[PDB]
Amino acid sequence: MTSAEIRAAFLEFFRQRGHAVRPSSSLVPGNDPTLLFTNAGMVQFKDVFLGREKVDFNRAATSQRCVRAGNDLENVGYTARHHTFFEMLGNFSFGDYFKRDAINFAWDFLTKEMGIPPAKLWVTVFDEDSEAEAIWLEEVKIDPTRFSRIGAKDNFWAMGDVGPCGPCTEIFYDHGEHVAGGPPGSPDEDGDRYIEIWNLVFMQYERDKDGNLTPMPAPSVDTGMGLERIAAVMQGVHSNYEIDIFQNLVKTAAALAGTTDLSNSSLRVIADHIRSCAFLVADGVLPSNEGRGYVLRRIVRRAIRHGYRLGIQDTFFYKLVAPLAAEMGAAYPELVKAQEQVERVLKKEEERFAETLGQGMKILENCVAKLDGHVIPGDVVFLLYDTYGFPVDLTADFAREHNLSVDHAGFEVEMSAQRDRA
């Protein structure tokens, strides 16, 4: 089942159950200036959940474009499950149904619409949420040995210091004994064997300025399921980067690098980064040294640095815009409309960074050759930031590849000294 088929099947399943199918919001949130990028299907409905905005539907469903880079940027290429850019499939209840319907909707979709066998699924609840435990174990009657009760850090949510909060229940997919890791709640739960597929958030209480808890007047539901993780389940593959919607991207990156080794991790990094960078440019973000524009700059330049690692000879990053648009333009026409703008923007940024990347890498490679210890010193980090346009995390990501770190504190001291020279 292709990713587009799964996205549509998800949305059709909830439309049939009376959910208003709504479009994704932009990656640049409007109703939330403090937030860098849209990181969940929840964001555009935040004011509805708060009761500050009225809409004429009390149940919705979306496929939401999200970026988590300000944070999953350092997991890209190192795990089978993390992206900067991903799509979150969500259903929402605005004071309509609550735990019982949300749980059955999700279990029905996974085990009946999608046909996933219950023996491959694992469920967690908040260890203080007896309603969700009772619904799962006594009503749905799931296998209790593939079940865990988890503390507040993973299974309790709050919109902020004030406002709605409540327990969460989560559904995981067991990729089997060939992948390293243990079930949720075990010491190696972080492994890629048991992948979190679907997160169900139950908005159940209100916390006020003084810290008091009260019942939420209209208990609400917000869920989110990563499209790529469920696509990997439905296509029988272990890694997100093996699904249909990444193949053209990885194949094109490979073609530009002149290699047939489709297992090279820099290809996956480049494939991930073009998705976040292209979609961000199409939502209006432009490279700069501040705010949202610097996050984009940081991600572009890191993709370029990985092309350097692969030995790519000519400006390349902008060339992945077209296969992305061909692959996702049906679902995201704003990509097709802005294709030319996105290509120009990415090309210019790569050309601008190329005037210092080669020299900066020579300094980096020389430093790695002569270094004693495992820490790149702060003055070198600052030299690369200040003269050669290397963001600190770009330098740190290169250092990671040679079992090295970078002196963040030493870099910060260099920055204060520079303010002192001004």
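Residue numbers run from 1 along the displayed sequence.
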Practice task
Report, from the record, the number of residues in the deposited sequence between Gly70 and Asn71 that have no coordinates, as none, 1 to 3, 4 to 9, or 10 or more.
Solution key: 1 to 3
Practice task
Read off the CA B-factors in the entry, average them over 319 to 327 and over 255 to 263, and name the higher stretch.
Solution key: 255 to 263
Practice task
Between 8 to 16 and 409 to 417, name whichever shows the higher mean Cα B factor according to the PDB entry.
Solution key: 409 to 417
Practice task
Report the option among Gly284, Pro144, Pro187, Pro167 whose CA atom has the maximum B-factor in the deposited record.
Solution key: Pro187
Problem - Top residue by Cα temperature factor, when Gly151, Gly160, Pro333, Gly293 are compared in the entry - result: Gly160
Practice task
Please place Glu365 in the lowest, middle or highest third of its chain by C-alpha B factor as given in the entry.
Solution key: highest
Handout entry: Third assignment of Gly41 from its chain's C-alpha B-factors
Key = lowest
Completion exercise
Sorting the chain's modelled residues by C-alpha B-factor and splitting them into thirds places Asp174 in the middle
Problem - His238 by Cα B-factor - lowest, middle or highest third of the modelled chain - result: highest
Fill in the blank from the handout: Quick tally, chain-level thirds of C-alpha B-factors: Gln64 sits in the lowest
